[PDB]
Structure formats: structure tokens, C-alpha cells
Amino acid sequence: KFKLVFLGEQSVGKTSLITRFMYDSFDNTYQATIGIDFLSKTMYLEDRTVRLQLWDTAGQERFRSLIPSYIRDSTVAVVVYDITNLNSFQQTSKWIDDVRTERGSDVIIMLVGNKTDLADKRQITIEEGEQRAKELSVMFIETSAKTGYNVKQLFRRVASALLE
């Protein structure tokens, strides 16, 4: 089962990463997510096809109580932060804890540093993100939904982990 849940503070880029993968497009305008939405996409990898189910969650504190149910049901948790926002990175500990609380070790977690295109506003180094992922035993990658940088690789890697 290939069910991915996207977690992270508001404005880090969860929706944009999903949209970039789904339709290979990006919108600079912000469109806050309401509740939890579901999207599906079949992708290719390792001589086969995999049906991915994506669950985009809203970071607003008022939708918080609806997330645990989705996390429990997901085989992959993509925890996203904004490389230019220190708070968003610090908050990944909250999200990862929520995931572990629901799935323990029976889950694939990918920590994502998004918005790498905003290099002149970077607050978290790539090494700091890599080390945080290593210490928490989760996977790591940096992306830019805006340019598309590493977005397909993000999904390729999580799907590969699932097939393994």
C-alpha cells in the first residue's frame, strides 16, 4: 500500500510539491488548504508501475485534530519545512513525533527542505537537515516546487523505499 501523507507548518510548500508532481505546474499565489484533500497518481519505477495515494493536510491549528487518523493510515509521511523559515524546521520535530506516535517504526518518513530556490534567505543548511534526518532515522531531500528541483526524485525515493 502506497499512501503518502504530507505534514508541515502552513506555507512550507506541501500543496505545491504535490501539484508539481501531479501536473508539473506551480502557482506563485498562495491557496491555503482546507481540511485534508486526496489525490492519486500512478508513477513508473523499477520496471513496474505504482499507484500512489496522496493526502494533503492543512497546517492551520484548527484542522489539527483531523490529522492523526490520516497519519495512522499512511505508509509514508512526508514532513516538509521551508529552508528559509527556522520555525518551520523546528516544528518538524512535532510532526515526526506525531508520526512515530501513530506508526512507530512501521512507516517510511521523508524529511523535506523545500524552497531551495530562495538561496539568499536560507536559514537551515543542507547539512543541518541531513544530520537531523540521520539522527531521527528518517530519509532526507531538499526541493523547490517552484523550479521543480528534485521533486520527481522525492517521489521516486519514497516509492523505491516502499517497494523495498
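In case it trips you up, residue 1 is the first one in the sequence shown, and so on.
Two stretches are in play, 16-24 and 148-156, and the higher mean C-alpha B-factor belongs to 16-24. Averaged over Cα atoms, the B-factor as recorded in the entry is higher for 60-68 than for the other of 40-48 and 60-68. In the deposited coordinates, the residue among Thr125, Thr29, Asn114, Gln131 with the greatest CA B-factor is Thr29.
Looking at the C-alpha B-factors along this chain, the one for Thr75 belongs to the middle third. Among the modelled residues of its chain, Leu163 has a C-alpha B-factor that falls in the highest third according to the deposited record. Sort the modelled residues of the chain by CA B factor and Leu136 lands in the middle third. Sort the modelled residues of the chain by CA B factor and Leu118 lands in the middle third. Annotation for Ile108: CA B-factor lies in the middle third of the chain's modelled residues.
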